[PDB]
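As structure tokens, one chain now follows by itself in the form deposited in one PDB entry.
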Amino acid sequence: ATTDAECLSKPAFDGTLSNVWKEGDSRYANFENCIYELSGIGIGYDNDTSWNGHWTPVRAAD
């Protein structure tokens, strides 16, 4: 299990994450029980489900 403060302490990376979901024109993905937010220059594939760009952690996996 992960907490919100544990996730927010992790660094932001530049790469690709799969199983990406939308939340009002904003993209989110789950990685190591932490939810990351897509920003920067985005390049998407796998029918909007795989996004490459800047991923910043926002919260923990529910």
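Numbering starts at 1 and follows the sequence shown.
Undergrad: If you rank the chain by CA B-factor, which third does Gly15 end up in: lowest, middle or highest?
TA: CA B-factor rank for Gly15: lowest third.
Undergrad: Going by the CA temperature factor in the PDB record, which third of the chain does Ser9 belong to: lowest, middle or highest?
TA: For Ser9, the deposited C-alpha B-factor lands in the highest third.
Missing here is the form solved in complex with a partner chain; even so, the following discussion is about that form.
Undergrad: Should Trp21 be classed as touching the partner chain in the deposited bound form when contacts are defined as heavy atoms within 4.5 Å?
TA: Looking in the deposited bound form, residue contacts with the partner chain do not include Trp21, since no heavy atom lies within 4.5 Å.
Undergrad: Any of the heavy atoms of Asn33 lying within 4.5 Å of the partner chain in the deposited bound form?
TA: Although the partner chain is absent here, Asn33 would stay clear of it in the deposited bound form, with no heavy atoms inside 4.5 Å.
Undergrad: Although the partner chain is absent from this view, report whether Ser9 comes within 4.5 Å of it in the deposited bound form, heavy atoms only.
TA: Heavy-atom contact with the partner chain at 4.5 Å: absent for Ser9.
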